[PDB]
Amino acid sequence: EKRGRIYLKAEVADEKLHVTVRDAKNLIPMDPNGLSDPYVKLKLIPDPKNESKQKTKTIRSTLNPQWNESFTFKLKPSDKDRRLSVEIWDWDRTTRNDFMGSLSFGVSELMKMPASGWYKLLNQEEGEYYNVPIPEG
């Protein structure tokens, strides 16, 4: 149920999508040290050619990372049927990187209604399809 939460802003202006990844809180520890080394992957999906991926820096040893990083995607007409996917991963020195939590927004959803504030981190499948804002609480 409880994978923590992330603070994001996302808006579309002038056929560009702007996303700011501020910080996340209460991430689920996964490493044997009881912390994680989180980074955020941003994609416009579907992305069959794997050309849209961007990512934050990895912050080592925290469950409350503060990235304060901004990204821009140049949009095309076909993006009307795409989603911005936002996934937190755990960078792992000696094993495969581990999924922590995710969400997504309709590119068309964001034109009508920019994202701002706290969001609940969802499981990997869920997060490709929807988002759950956590207003004032």
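Numbers follow the displayed sequence, beginning with 1.
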Original post:
Should the higher mean CA B-factor in the entry be assigned to 29 to 37 or to 102 to 110?
Top reply: 29 to 37
Subject >> Average Cα temperature factor in the PDB entry - higher stretch of 73 to 81, 40 to 48 >> reply: 73 to 81
Subject >> Third of chain Cα B-factors occupied by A115 >> reply: highest
Subject >> Cα B factor band for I6 (lowest, middle or highest third within the chain) >> reply: lowest
**OP:** Among all modelled residues of this chain, ranked by Cα B factor, put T95 in the bottom, middle or top third, i.e. lowest, middle or highest.
**Re:** highest
Subject >> For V21, the third of its chain into which the C-alpha B factor falls >> reply: lowest
